[PDB]
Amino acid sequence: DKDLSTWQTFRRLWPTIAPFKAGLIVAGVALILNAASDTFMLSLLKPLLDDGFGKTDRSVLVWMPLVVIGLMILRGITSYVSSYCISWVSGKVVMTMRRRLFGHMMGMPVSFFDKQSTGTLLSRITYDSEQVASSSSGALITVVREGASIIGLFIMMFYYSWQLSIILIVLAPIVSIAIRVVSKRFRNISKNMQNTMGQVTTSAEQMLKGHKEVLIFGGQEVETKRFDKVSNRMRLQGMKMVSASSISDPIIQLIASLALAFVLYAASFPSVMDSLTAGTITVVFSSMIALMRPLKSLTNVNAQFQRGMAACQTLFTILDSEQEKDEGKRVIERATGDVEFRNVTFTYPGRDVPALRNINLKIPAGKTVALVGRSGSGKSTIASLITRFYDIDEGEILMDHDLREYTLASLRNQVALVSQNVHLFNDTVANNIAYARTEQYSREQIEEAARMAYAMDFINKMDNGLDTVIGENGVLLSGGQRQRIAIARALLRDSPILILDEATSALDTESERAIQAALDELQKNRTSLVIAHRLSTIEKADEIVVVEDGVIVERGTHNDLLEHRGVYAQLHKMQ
């Protein structure tokens, strides 16, 4: 199962890697020469013992130290080169994975974000994309280098004492099965301790975060005894974790030791020790010893690699997720702003009570309409629907054509959102007022935008004034100032359809007559949809609609609904 899953996942990833195939190829050749350094250095023992102590000083003297120094230079160079090439390929593929995930997540449905913590996604894309590369790199390096060295060593063993090698080979399958069984018995118990440590973490974190309810409700004994239990289980699982390998390693090298001691017990018998010499035994047996590390490394590569692909899969699924549905094909430059809800009903995902039902309303160009009604109702939902954050279930919302006929980009350039909870990207004030159009709007343009939004009183108080850096997640700006900055954005862009949210707005602003003048100047021109909560806007609004339980129950003018004096006057009395 999992070999197949991991291999299809890998064939998915190879497109991302193939552009850096040159780096891969180079690293591989360097690894080959690296393994040959070691092979050719172990060969150097034969001429040393036989000739250099068969009465010849030239060997030990002139060249042997020279060749060793040169081989070590070669080893170091192959080492550094392979290291660098692999680290380069990995850096590239990791960064590529990350740009893919970022670009994709940016284009996801809003439902995807309100539901998931920003963190989990952020953490996964930084950690997993690095792990895929680490595991893949290690696996490749192992196969190449150590599979080259086992070849070198097997051939050398066969040239020097063709006989002894086969005794090792015939022993190989049963030794392999023995080692594999011993390995599978004990060492495969990381997740046990991962669970237990997750419990340690959970207890500690619940106590630290919920410190205040522990204090009020007096659960110190409960939390304590709980930690006493889980920490001891964590201890015991750490000890079982070590015991696994403490038991499995000596056993395994003992098995290999038996195989080698049999080979050596044949070294004493006459048929083969006659042809051979004291220098050949040395190189052959040292080859066999050297082989133990490559064999160990190679028989764990599937573990390493399948792990890498198991993380690559969690990245791939995020990529496979469905992005925002966008099939408009219609584009509009500077819409007029004639927005009409016809028979709109809509229920948020997962819920079972519609946030809106049979909603019918009409907003003509250049004029405003206030959505007042019991807090918690669907006026906010109405606002959210015009931007296609959520697709209605039944009916149709028209802009001049159904919103879903329009490209999301074109549809969204028509809409300007002014609320207190606007996001302040950490950057200059000017670049926050001209978020994604720094190239299109002049400095004087931005200056006048901020002036007309009655924001310059608190900008001129900044450190560098208008070029001061707001952000750092918005500490430097209060809400009454965030509103005016949002208003500056909207004035600059001069979008044809405004969505104004005074719900979250703070009317407790030392400067709110200025916020009111900014709004008056903002909405002179264009269609406006206010989730109203101010005396000023409901005073000047062209139409007031009263919403409860996702239904429009009364429509009319302020004065006409007070002459009427029905539900609107009930709200008037209440607020």
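One-based numbering along the sequence shown.
A chain break between residue 340 and residue 341 is not present, all residues of the deposited sequence in that interval being modelled. Here the stretch with the larger average CA B-factor, out of 173-181 and 260-268, is 260-268. Comparing 541-549 with 505-513, the higher mean C-alpha B-factor in the PDB entry belongs to 505-513. Comparing the listed residues 194, 460, 345, 286, the entry records the largest Cα B-factor for 345.
Taking the PDB entry at face value, the top CA B factor among 34, 43, 527, 536 belongs to 536. The deposited CA B-factor of residue 227 belongs to the lowest third of values across its chain.
Compared with the other modelled residues of the chain, the Cα B-factor recorded for residue 440 ranks in the middle third. In the PDB entry, a CA B factor belonging to the highest third of its chain's modelled residues is recorded for residue 532. Among the modelled residues of the chain, residue 211 sits in the lowest third by CA temperature factor in this PDB entry. In the PDB entry, residue 414 places in the lowest third of its chain by CA B-factor.
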